[PDB]
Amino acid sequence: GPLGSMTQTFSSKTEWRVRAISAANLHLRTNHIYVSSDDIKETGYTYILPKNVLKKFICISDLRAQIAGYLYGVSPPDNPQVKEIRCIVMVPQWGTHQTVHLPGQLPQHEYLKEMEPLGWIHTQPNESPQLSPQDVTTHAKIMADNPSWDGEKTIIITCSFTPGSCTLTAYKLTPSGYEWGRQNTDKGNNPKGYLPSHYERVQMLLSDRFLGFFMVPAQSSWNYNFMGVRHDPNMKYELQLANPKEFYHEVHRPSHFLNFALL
């Protein structure tokens, strides 16, 4: 062994570069979107998700850090059992591979006043045969702070990155689920009291028949995964009618640009 005869010099290879290159190719998956229909029968309403905003949601996402959008919609005049998702709202947020961090404050905009809240959609690195206990906790605590979320009406759509594609599956909480989730302070993967009888799958269908839209923050962007210190559960935000920027867009990571010029 050599102390100086074979000296070599470490060279940094930062983590986000690889994930940025990976996020650039996400558009390839928007043409292989599969909805899990595994539930033999349906419990709840039937939720219809327009492809256009689903594709944008996938495209603005990251393969590891979860992102989330709030779902707003209405029932078609015909039958109240169908819930058409009309809008996805992106709010200031950060996340890990397991969970998302959203502000306490729900979306508030006049443009949304004639629609009802339907829950939320979020990405996941891997398919799971079960709804996450983090997700149950998150949905339950939102319901506990916001009586406009009816447990028989608000859902969680998971968008999991299967290789080459995306798999969507939709859940709703059960009353036992809400009661456990709202008192759960264990953020791990196997918390005490977690039960598969805390959620149940709902029927979901992708559509091209109509188009949804996005709302985004009025002065910030939505992605705070690079500004984590600046994000706070109690932060307030307004909204505007515009489309969201992609995960690695320059306005989401300004320190990468200002720091490089300091070399």
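Sequential numbering from 1, following the sequence displayed. Here the rigid core means the biggest group of C-alpha atoms that line up within 1.5 Å when the two forms are laid on top of each other.
Of the stretches 85 to 93 and 72 to 80, which sits farther from where it is here in 6 other deposited structures of this protein, on average over its Cα atoms, after fitting the core?
Checking 85 to 93 against 72 to 80 in 6 other deposited structures of this protein, I find the farther stretch is 72 to 80.
Which of 62 to 70 and 35 to 43 lies farther from this form in 6 other deposited structures of this protein, as RMS of C-alpha positions after a rigid core fit
Looking at 35 to 43 and 62 to 70 in 6 other deposited structures of this protein, the bigger mover is 35 to 43.
Mean CA temperature factor from the deposited coordinates, higher in 202 to 210 or in 38 to 46?
For C-alpha atoms only, the mean B-factor is higher in 38 to 46.
Do the CA atoms of 71 to 79 or those of 148 to 156 have the higher mean B-factor in the entry?
Averaging CA B-factors over each stretch, the winner is 71 to 79.
Top residue by Cα temperature factor, when 240, 243, 11, 25 are compared in the entry:
Out of 240, 243, 11, 25, the record gives the largest C-alpha B-factor to 11.
Candidate set 105, 123, 99, 189 [ranked by C-alpha B-factor, highest]
If I rank 105, 123, 99, 189 by C-alpha B-factor, first place goes to 189.
Divide the modelled residues of the chain into thirds by Cα B-factor and specify which third, lowest, middle or highest, holds residue 231.
Highest third.
Lowest, middle or highest third: where is residue 184 by Cα B-factor in its chain?
For residue 184, the deposited C-alpha B-factor lands in the highest third.
Among the modelled residues of this chain, does the Cα B factor of residue 219 put it in the lowest, middle or highest third?
It falls in the top third of the chain.
Quick one: classify residue 168 as lowest, middle or highest third of the chain based on its Cα B-factor.
Middle third - that is where residue 168 ends up once the chain's C-alpha B-factors are sorted.
What third of the chain, by the recorded C-alpha B-factor, contains residue 63?
According to the entry, residue 63 has a C-alpha B-factor in the chain's middle third.
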